[PDB]
Structures are given as C-alpha cells and as structure tokens.
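Here is the file start-v3.tsv (TSV, N, CA, C and O atoms).
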```tsv
chain	number	residue	atom	x	y	z
B	1	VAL	N	8.43	17.75	8.79
B	1	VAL	CA	7.09	17.65	8.21
B	1	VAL	C	6.34	16.46	8.81
B	1	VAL	O	5.31	16.64	9.47
B	2	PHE	N	6.82	15.25	8.57
B	2	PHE	CA	6.16	14.03	9.03
B	2	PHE	C	6.39	13.77	10.51
B	2	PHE	O	5.46	13.37	11.22
B	3	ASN	N	7.61	13.98	11.00
B	3	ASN	CA	7.98	13.65	12.36
B	3	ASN	C	7.83	14.81	13.33
B	3	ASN	O	8.18	14.67	14.51
B	4	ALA	N	7.32	15.96	12.87
B	4	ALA	CA	7.16	17.10	13.76
B	4	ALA	C	6.26	16.75	14.93
B	4	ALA	O	5.34	15.93	14.82
B	5	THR	N	6.53	17.37	16.08
B	5	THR	CA	5.81	17.03	17.30
B	5	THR	C	4.33	17.36	17.17
B	5	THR	O	3.46	16.50	17.39
B	6	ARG	N	4.01	18.61	16.80
B	6	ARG	CA	2.63	19.05	16.62
B	6	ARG	C	2.54	19.81	15.31
B	6	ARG	O	3.33	20.73	15.06
B	7	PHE	N	1.58	19.43	14.47
B	7	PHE	CA	1.36	20.12	13.21
B	7	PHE	C	0.54	21.39	13.43
B	7	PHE	O	0.17	21.73	14.56
B	8	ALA	N	0.27	22.10	12.34
B	8	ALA	CA	-0.61	23.24	12.38
B	8	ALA	C	-2.07	22.78	12.33
B	8	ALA	O	-2.40	21.72	11.80
B	9	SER	N	-2.95	23.60	12.90
B	9	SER	CA	-4.37	23.30	12.88
B	9	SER	C	-4.88	23.22	11.45
B	9	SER	O	-4.38	23.90	10.55
B	10	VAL	N	-5.88	22.36	11.23
B	10	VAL	CA	-6.47	22.25	9.90
B	10	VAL	C	-7.21	23.52	9.51
B	10	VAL	O	-7.34	23.81	8.31
B	11	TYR	N	-7.69	24.29	10.48
B	11	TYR	CA	-8.31	25.58	10.17
B	11	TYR	C	-7.32	26.51	9.50
B	11	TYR	O	-7.57	27.02	8.40
B	12	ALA	N	-6.18	26.75	10.15
B	12	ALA	CA	-5.07	27.50	9.56
B	12	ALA	C	-3.86	26.57	9.54
B	12	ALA	O	-3.31	26.23	10.59
B	13	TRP	N	-3.45	26.17	8.34
B	13	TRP	CA	-2.40	25.17	8.16
B	13	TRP	C	-1.15	25.81	7.59
B	13	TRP	O	-1.21	26.80	6.85
B	14	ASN	N	0.00	25.23	7.94
B	14	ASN	CA	1.29	25.72	7.49
B	14	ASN	C	1.78	24.87	6.32
B	14	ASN	O	1.89	23.65	6.43
B	15	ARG	N	2.08	25.53	5.20
B	15	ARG	CA	2.59	24.87	4.01
B	15	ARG	C	4.11	24.93	4.03
B	15	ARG	O	4.70	26.01	3.94
B	16	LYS	N	4.75	23.77	4.15
B	16	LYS	CA	6.20	23.67	4.19
B	16	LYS	C	6.74	23.53	2.78
B	16	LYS	O	6.20	22.76	1.97
B	17	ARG	N	7.79	24.28	2.48
B	17	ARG	CA	8.41	24.29	1.16
B	17	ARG	C	9.67	23.43	1.20
B	17	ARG	O	10.62	23.76	1.91
B	18	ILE	N	9.68	22.35	0.43
B	18	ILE	CA	10.83	21.46	0.32
B	18	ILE	C	11.46	21.68	-1.04
B	18	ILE	O	10.87	21.36	-2.08
B	19	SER	N	12.67	22.25	-1.05
B	19	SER	CA	13.37	22.55	-2.29
B	19	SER	C	14.87	22.46	-2.05
B	19	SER	O	15.35	22.69	-0.94
B	20	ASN	N	15.60	22.13	-3.12
B	20	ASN	CA	17.06	22.03	-3.08
B	20	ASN	C	17.50	21.02	-2.02
B	20	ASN	O	18.07	21.36	-0.98
B	21	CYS	N	17.22	19.75	-2.31
B	21	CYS	CA	17.55	18.66	-1.39
B	21	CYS	C	17.39	17.34	-2.12
B	21	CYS	O	17.07	17.30	-3.31
B	22	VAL	N	17.63	16.25	-1.40
B	22	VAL	CA	17.52	14.89	-1.93
B	22	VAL	C	16.39	14.20	-1.18
B	22	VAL	O	16.44	14.05	0.05
B	23	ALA	N	15.37	13.77	-1.92
B	23	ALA	CA	14.22	13.08	-1.35
B	23	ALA	C	14.45	11.58	-1.48
B	23	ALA	O	14.47	11.04	-2.59
B	24	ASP	N	14.63	10.90	-0.34
B	24	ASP	CA	14.82	9.46	-0.30
B	24	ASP	C	13.53	8.83	0.21
B	24	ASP	O	13.20	8.94	1.40
B	25	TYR	N	12.80	8.17	-0.68
B	25	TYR	CA	11.54	7.52	-0.35
B	25	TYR	C	11.69	6.03	-0.08
B	25	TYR	O	10.69	5.37	0.25
B	26	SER	N	12.90	5.48	-0.20
B	26	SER	CA	13.11	4.07	0.07
B	26	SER	C	13.06	3.75	1.56
B	26	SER	O	12.82	2.59	1.93
B	27	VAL	N	13.28	4.74	2.43
B	27	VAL	CA	13.23	4.50	3.87
B	27	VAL	C	11.82	4.12	4.29
B	27	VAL	O	11.64	3.38	5.27
B	28	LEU	N	10.80	4.59	3.57
B	28	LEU	CA	9.42	4.26	3.92
B	28	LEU	C	9.16	2.77	3.78
B	28	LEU	O	8.53	2.17	4.66
B	29	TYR	N	9.62	2.16	2.69
B	29	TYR	CA	9.42	0.73	2.47
B	29	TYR	C	10.38	-0.14	3.28
B	29	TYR	O	10.02	-1.28	3.60
B	30	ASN	N	11.57	0.36	3.60
B	30	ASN	CA	12.50	-0.41	4.41
B	30	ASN	C	12.03	-0.48	5.86
B	30	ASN	O	12.09	-1.54	6.50
B	31	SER	N	11.56	0.64	6.40
B	31	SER	CA	11.02	0.72	7.75
B	31	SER	C	9.57	1.17	7.65
B	31	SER	O	9.29	2.28	7.19
B	32	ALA	N	8.65	0.31	8.09
B	32	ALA	CA	7.23	0.60	7.98
B	32	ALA	C	6.86	1.73	8.94
B	32	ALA	O	7.12	1.63	10.15
B	33	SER	N	6.27	2.79	8.41
B	33	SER	CA	5.86	3.95	9.19
B	33	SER	C	4.42	4.36	8.92
B	33	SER	O	3.58	4.26	9.81
B	34	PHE	N	4.13	4.82	7.71
B	34	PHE	CA	2.80	5.30	7.38
B	34	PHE	C	1.77	4.18	7.50
B	34	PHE	O	1.95	3.10	6.94
B	35	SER	N	0.70	4.44	8.25
B	35	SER	CA	-0.43	3.52	8.32
B	35	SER	C	-1.31	3.61	7.08
B	35	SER	O	-1.71	2.58	6.53
B	36	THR	N	-1.61	4.83	6.63
B	36	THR	CA	-2.39	5.07	5.42
B	36	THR	C	-1.53	5.87	4.45
B	36	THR	O	-1.20	7.03	4.72
B	37	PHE	N	-1.17	5.25	3.33
B	37	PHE	CA	-0.33	5.89	2.32
B	37	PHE	C	-0.94	5.61	0.95
B	37	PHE	O	-1.08	4.45	0.55
B	38	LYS	N	-1.30	6.68	0.23
B	38	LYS	CA	-1.93	6.55	-1.07
B	38	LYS	C	-1.58	7.77	-1.91
B	38	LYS	O	-1.37	8.86	-1.37
B	39	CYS	N	-1.50	7.58	-3.23
B	39	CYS	CA	-1.16	8.64	-4.17
B	39	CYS	C	-2.21	8.68	-5.27
B	39	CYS	O	-2.36	7.72	-6.03
B	40	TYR	N	-2.94	9.80	-5.36
B	40	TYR	CA	-3.96	9.97	-6.38
B	40	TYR	C	-3.37	10.34	-7.74
B	40	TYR	O	-3.78	9.79	-8.76
B	41	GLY	N	-2.41	11.26	-7.76
B	41	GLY	CA	-1.88	11.78	-9.01
B	41	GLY	C	-0.76	10.96	-9.62
B	41	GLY	O	-0.59	10.96	-10.84
B	42	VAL	N	0.01	10.27	-8.79
B	42	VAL	CA	1.17	9.52	-9.23
B	42	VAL	C	1.19	8.17	-8.52
B	42	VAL	O	0.31	7.85	-7.72
B	43	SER	N	2.21	7.37	-8.83
B	43	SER	CA	2.35	6.05	-8.24
B	43	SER	C	3.08	6.15	-6.90
B	43	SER	O	3.98	6.99	-6.76
B	44	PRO	N	2.73	5.33	-5.92
B	44	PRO	CA	3.44	5.39	-4.63
B	44	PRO	C	4.88	4.92	-4.71
B	44	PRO	O	5.74	5.51	-4.03
B	45	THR	N	5.18	3.89	-5.50
B	45	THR	CA	6.53	3.34	-5.56
B	45	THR	C	7.45	4.10	-6.50
B	45	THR	O	8.68	3.99	-6.36
B	46	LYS	N	6.91	4.87	-7.44
B	46	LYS	CA	7.72	5.57	-8.43
B	46	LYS	C	8.13	6.97	-7.98
B	46	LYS	O	8.78	7.69	-8.74
B	47	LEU	N	7.75	7.38	-6.76
B	47	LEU	CA	8.14	8.69	-6.27
B	47	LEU	C	9.66	8.83	-6.18
B	47	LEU	O	10.19	9.94	-6.29
B	48	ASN	N	10.37	7.71	-5.99
B	48	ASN	CA	11.82	7.76	-5.90
B	48	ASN	C	12.46	7.85	-7.28
B	48	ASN	O	13.42	8.60	-7.48
L	1	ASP	N	-22.27	-21.99	-13.66
L	1	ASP	CA	-22.66	-21.98	-15.07
L	1	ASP	C	-21.47	-22.22	-15.99
L	1	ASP	O	-21.49	-23.16	-16.78
L	2	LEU	N	-20.44	-21.39	-15.89
L	2	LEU	CA	-19.20	-21.58	-16.63
L	2	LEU	C	-18.22	-22.34	-15.75
L	2	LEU	O	-18.04	-22.00	-14.58
L	3	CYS	N	-17.59	-23.36	-16.32
L	3	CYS	CA	-16.66	-24.20	-15.58
L	3	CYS	C	-15.29	-24.20	-16.25
L	3	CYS	O	-15.15	-23.81	-17.42
L	4	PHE	N	-14.29	-24.64	-15.49
L	4	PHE	CA	-12.89	-24.41	-15.81
L	4	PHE	C	-12.15	-25.74	-15.83
L	4	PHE	O	-12.65	-26.77	-15.35
L	5	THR	N	-10.94	-25.72	-16.40
L	5	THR	CA	-10.14	-26.94	-16.52
L	5	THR	C	-9.38	-27.22	-15.23
L	5	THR	O	-9.71	-28.15	-14.48
L	6	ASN	N	-8.34	-26.43	-14.96
L	6	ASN	CA	-7.52	-26.59	-13.77
L	6	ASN	C	-7.87	-25.50	-12.77
L	6	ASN	O	-7.95	-24.33	-13.14
L	7	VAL	N	-8.08	-25.90	-11.52
L	7	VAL	CA	-8.42	-24.98	-10.44
L	7	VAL	C	-7.35	-25.09	-9.36
L	7	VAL	O	-7.13	-26.17	-8.80
L	8	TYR	N	-6.68	-23.97	-9.08
L	8	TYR	CA	-5.64	-23.91	-8.07
L	8	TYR	C	-6.13	-23.06	-6.90
L	8	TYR	O	-6.66	-21.96	-7.11
L	9	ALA	N	-5.96	-23.57	-5.69
L	9	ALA	CA	-6.37	-22.88	-4.48
L	9	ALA	C	-5.17	-22.72	-3.55
L	9	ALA	O	-4.63	-23.72	-3.06
L	10	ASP	N	-4.77	-21.48	-3.32
L	10	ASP	CA	-3.66	-21.16	-2.43
L	10	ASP	C	-4.23	-20.84	-1.05
L	10	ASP	O	-4.89	-19.81	-0.87
L	11	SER	N	-3.96	-21.71	-0.08
L	11	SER	CA	-4.49	-21.58	1.27
L	11	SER	C	-3.41	-21.05	2.19
L	11	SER	O	-2.27	-21.53	2.16
L	12	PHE	N	-3.76	-20.06	3.01
L	12	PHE	CA	-2.82	-19.47	3.96
L	12	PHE	C	-3.61	-18.61	4.94
L	12	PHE	O	-4.84	-18.49	4.84
L	13	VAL	N	-2.89	-18.01	5.88
L	13	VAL	CA	-3.48	-17.17	6.91
L	13	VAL	C	-2.62	-15.92	7.07
L	13	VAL	O	-1.39	-15.99	6.97
L	14	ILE	N	-3.26	-14.78	7.30
L	14	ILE	CA	-2.58	-13.50	7.42
L	14	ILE	C	-3.23	-12.69	8.54
L	14	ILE	O	-4.30	-13.03	9.05
L	15	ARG	N	-2.56	-11.60	8.90
L	15	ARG	CA	-3.08	-10.69	9.92
L	15	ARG	C	-4.36	-10.03	9.42
L	15	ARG	O	-4.62	-9.94	8.22
L	16	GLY	N	-5.18	-9.57	10.37
L	16	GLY	CA	-6.50	-9.06	10.02
L	16	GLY	C	-6.46	-7.96	8.99
L	16	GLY	O	-7.12	-8.04	7.95
L	17	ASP	N	-5.68	-6.91	9.25
L	17	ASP	CA	-5.65	-5.74	8.38
L	17	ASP	C	-4.94	-5.98	7.06
L	17	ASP	O	-4.95	-5.09	6.20
L	18	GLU	N	-4.32	-7.14	6.86
L	18	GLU	CA	-3.56	-7.42	5.65
L	18	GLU	C	-4.39	-8.05	4.54
L	18	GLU	O	-3.84	-8.36	3.48
L	19	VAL	N	-5.70	-8.23	4.75
L	19	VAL	CA	-6.52	-8.85	3.71
L	19	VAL	C	-6.84	-7.85	2.61
L	19	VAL	O	-7.08	-8.25	1.46
L	20	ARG	N	-6.84	-6.56	2.92
L	20	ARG	CA	-7.17	-5.55	1.92
L	20	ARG	C	-6.09	-5.43	0.85
L	20	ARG	O	-6.38	-4.93	-0.25
L	21	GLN	N	-4.87	-5.87	1.13
L	21	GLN	CA	-3.77	-5.76	0.18
L	21	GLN	C	-3.70	-6.94	-0.78
L	21	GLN	O	-2.80	-6.97	-1.63
L	22	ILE	N	-4.61	-7.91	-0.67
L	22	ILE	CA	-4.66	-9.03	-1.60
L	22	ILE	C	-5.66	-8.67	-2.69
L	22	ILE	O	-6.87	-8.63	-2.46
L	23	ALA	N	-5.14	-8.41	-3.89
L	23	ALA	CA	-5.94	-8.06	-5.06
L	23	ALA	C	-4.99	-7.65	-6.18
L	23	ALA	O	-3.85	-7.25	-5.92
L	24	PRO	N	-5.42	-7.73	-7.44
L	24	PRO	CA	-4.53	-7.33	-8.54
L	24	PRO	C	-4.24	-5.83	-8.50
L	24	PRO	O	-5.15	-5.01	-8.36
L	25	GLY	N	-2.96	-5.49	-8.63
L	25	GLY	CA	-2.53	-4.11	-8.65
L	25	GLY	C	-2.28	-3.49	-7.29
L	25	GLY	O	-1.96	-2.29	-7.23
L	26	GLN	N	-2.42	-4.24	-6.21
L	26	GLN	CA	-2.21	-3.70	-4.87
L	26	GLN	C	-0.72	-3.58	-4.56
L	26	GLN	O	0.11	-4.30	-5.11
L	27	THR	N	-0.40	-2.66	-3.65
L	27	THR	CA	0.96	-2.44	-3.21
L	27	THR	C	1.01	-2.51	-1.69
L	27	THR	O	0.10	-2.02	-1.01
L	28	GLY	N	2.06	-3.12	-1.17
L	28	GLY	CA	2.22	-3.25	0.26
L	28	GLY	C	3.16	-4.39	0.59
L	28	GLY	O	3.60	-5.14	-0.28
L	29	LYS	N	3.46	-4.50	1.89
L	29	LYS	CA	4.37	-5.55	2.35
L	29	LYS	C	3.85	-6.94	2.05
L	29	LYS	O	4.62	-7.91	2.12
L	30	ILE	N	2.57	-7.08	1.71
L	30	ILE	CA	2.03	-8.38	1.31
L	30	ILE	C	2.27	-8.62	-0.17
L	30	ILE	O	3.02	-9.53	-0.56
L	31	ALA	N	1.65	-7.80	-1.02
L	31	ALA	CA	1.80	-7.97	-2.47
L	31	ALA	C	3.26	-7.86	-2.90
L	31	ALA	O	3.66	-8.49	-3.88
L	32	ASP	N	4.05	-7.05	-2.20
L	32	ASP	CA	5.43	-6.82	-2.60
L	32	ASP	C	6.38	-7.93	-2.15
L	32	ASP	O	7.36	-8.21	-2.85
L	33	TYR	N	6.11	-8.58	-1.02
L	33	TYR	CA	7.08	-9.50	-0.42
L	33	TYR	C	6.58	-10.94	-0.39
L	33	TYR	O	7.03	-11.76	-1.20
L	34	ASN	N	5.66	-11.28	0.51
L	34	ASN	CA	5.36	-12.69	0.79
L	34	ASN	C	4.47	-13.33	-0.27
L	34	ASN	O	4.76	-14.42	-0.75
L	35	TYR	N	3.37	-12.66	-0.64
L	35	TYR	CA	2.40	-13.25	-1.55
L	35	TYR	C	1.87	-12.16	-2.47
L	35	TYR	O	1.51	-11.08	-2.00
L	36	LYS	N	1.81	-12.45	-3.77
L	36	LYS	CA	1.46	-11.46	-4.77
L	36	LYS	C	0.51	-12.05	-5.80
L	36	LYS	O	0.73	-13.17	-6.29
L	37	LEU	N	-0.57	-11.28	-6.14
L	37	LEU	CA	-1.49	-11.63	-7.22
L	37	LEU	C	-1.05	-10.96	-8.52
L	37	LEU	O	-0.64	-9.80	-8.52
L	38	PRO	N	-1.12	-11.66	-9.66
L	38	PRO	CA	-0.84	-10.99	-10.94
L	38	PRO	C	-1.79	-9.82	-11.17
L	38	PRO	O	-2.91	-9.80	-10.67
L	39	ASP	N	-1.31	-8.85	-11.94
L	39	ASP	CA	-2.16	-7.71	-12.30
L	39	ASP	C	-3.32	-8.15	-13.19
L	39	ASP	O	-4.39	-7.53	-13.16
L	40	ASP	N	-3.11	-9.19	-13.99
L	40	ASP	CA	-4.15	-9.75	-14.85
L	40	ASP	C	-4.94	-10.86	-14.16
L	40	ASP	O	-5.76	-11.52	-14.80
L	41	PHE	N	-4.70	-11.07	-12.86
L	41	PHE	CA	-5.28	-12.20	-12.14
L	41	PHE	C	-6.78	-12.30	-12.35
L	41	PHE	O	-7.51	-11.31	-12.22
L	42	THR	N	-7.24	-13.51	-12.67
L	42	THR	CA	-8.65	-13.83	-12.78
L	42	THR	C	-8.97	-14.91	-11.76
L	42	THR	O	-8.46	-16.04	-11.87
L	43	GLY	N	-9.79	-14.58	-10.77
L	43	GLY	CA	-10.11	-15.53	-9.73
L	43	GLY	C	-10.98	-14.90	-8.66
L	43	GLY	O	-11.49	-13.79	-8.84
L	44	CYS	N	-11.13	-15.62	-7.55
L	44	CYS	CA	-11.93	-15.17	-6.42
L	44	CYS	C	-11.07	-15.12	-5.17
L	44	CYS	O	-10.40	-16.09	-4.82
L	45	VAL	N	-11.09	-13.97	-4.49
L	45	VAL	CA	-10.38	-13.77	-3.23
L	45	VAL	C	-11.36	-14.05	-2.11
L	45	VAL	O	-12.45	-13.45	-2.06
L	46	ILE	N	-10.98	-14.94	-1.19
L	46	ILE	CA	-11.85	-15.37	-0.10
L	46	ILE	C	-11.12	-15.15	1.22
L	46	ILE	O	-9.90	-15.33	1.29
L	47	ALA	N	-11.86	-14.75	2.25
L	47	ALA	CA	-11.31	-14.63	3.59
L	47	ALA	C	-12.44	-14.80	4.60
L	47	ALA	O	-13.60	-14.51	4.31
L	48	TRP	N	-12.08	-15.28	5.79
L	48	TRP	CA	-13.03	-15.40	6.89
L	48	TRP	C	-12.26	-15.38	8.20
L	48	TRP	O	-11.06	-15.65	8.24
L	49	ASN	N	-12.97	-15.07	9.28
L	49	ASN	CA	-12.35	-14.83	10.57
L	49	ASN	C	-12.26	-16.12	11.37
L	49	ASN	O	-13.29	-16.68	11.77
```
Please express what this file holds, its structure, as structure tokens.
Amino acid sequence: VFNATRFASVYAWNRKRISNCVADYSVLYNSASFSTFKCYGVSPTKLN
Amino acid sequence: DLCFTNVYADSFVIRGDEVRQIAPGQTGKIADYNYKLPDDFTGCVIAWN
C-alpha cells in the first residue's frame, strides 16, 4: 500500500482490503517516513 | 495591559519545518521528544529566520 512502486490513478483508484493481520504502527514513529501524517476521525498515536 | 508575576522564556533553535510542531496539543518528533508544550499552555510562541 504505502511502499508500492506506482499507485493507481486518482481518476480510477484501487481500494486495498487489509484484513486478518497485525497492524504495527510503532514503526512509523521509530523510523521517520511520512512527511504529512494526520488523522481526522481518530488520534494518530492511538491507532496502535 | 495585563501583566504577570513570573515570566519564563525558553530560548532555542530548530530546523525550519519544525516550528509548526510547537504548540499545545501538537504531535511529532519535537513535541514528543526534545521539547514539549503543555496542553493547557498559556503563552506566546515566537520564531524568526
């Protein structure tokens, strides 16, 4: 999703389904990656 | 007009793009690690180039 080489066009976009897995969001804060990261509906740090 | 008893001024220097993360309730490598403002913070944030 994030590290894919080329995403889908914004005109026709591909919705990826993430289910049955473990989401580790601590890697984002340990290693700085996202330049712009914001959460409208929830808190950025509480996603984990 | 309104004056105060004790005035504390924390002086330091940061990278250009890191000034936006100084404010109450902000999140980032600044507020989280090196320097953090209280969520109830009452004061004035100043910066210049």
Once you count all atoms listed in the file, what closest atom pair and distance in Å to one decimal does each residue of chain B within 8 Å of chain L have, with rows by chain and rising residue number, as CSV?
```
residue,atom,partner,partner_atom,distance
B:29,O,L:29,CA,7.2
B:37,O,L:27,O,6.8
B:45,N,L:27,CA,7.9
```
Quick check, in Å to one decimal: how far apart do atom O of residue 44 (chain B) and CA of residue 31 (chain B) lie?
13.8 Å
What is the atom N of residue 25 (chain L)-atom C of residue 37 (chain L) distance in Å, reported with one decimal?
5.8 Å
Could the centre and edge lengths of an axis-aligned box, enclosing all atoms of region 20-38 of chain B in the file with 6 Å extra on each side, be given in Å to one decimal as JSON?
```
{"center_x": 7.8, "center_y": 10.3, "center_z": 3.4, "size_x": 32.5, "size_y": 35.7, "size_z": 25.5}
```
Spatial neighbours of residue 4 (chain L), max dist 12 Å, only C-alpha atoms, sep filter under 4 positions, as a ChimeraX atom specification:
/L:8,42-43
Enumerate, as a ChimeraX atom specification, the complete set of residues in chain B that a backbone-based DSSP assignment places in helix (DSSP H, G or I).
/B:26-30,45-47
Mind listing whatever residues come within 6 Å of the point (-0.6, -3.6, -9.9)? Use only C-alpha atoms, file coordinates, and give them as a PyMOL selection string.
chain L and resi 24-26+39
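For the pair atom O of residue 7 (chain B) and atom O of residue 43 (chain B), the interatomic distance is 26.2 Å.
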Out of L:21, L:3, L:48, L:16, which residue has the shortest atom-to-atom distance to residue 35 (chain L) when counting only C-alpha atoms?
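Using only C-alpha atoms, residue 35 (chain L) sits closest to L:21.
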Mind listing whatever residues come within 8 Å of the point (-6.5, -17.1, 3.0)? Use all atoms listed in the file, file coordinates, and give them as a VMD selection string.
chain L and resid 10 to 14 45 to 48
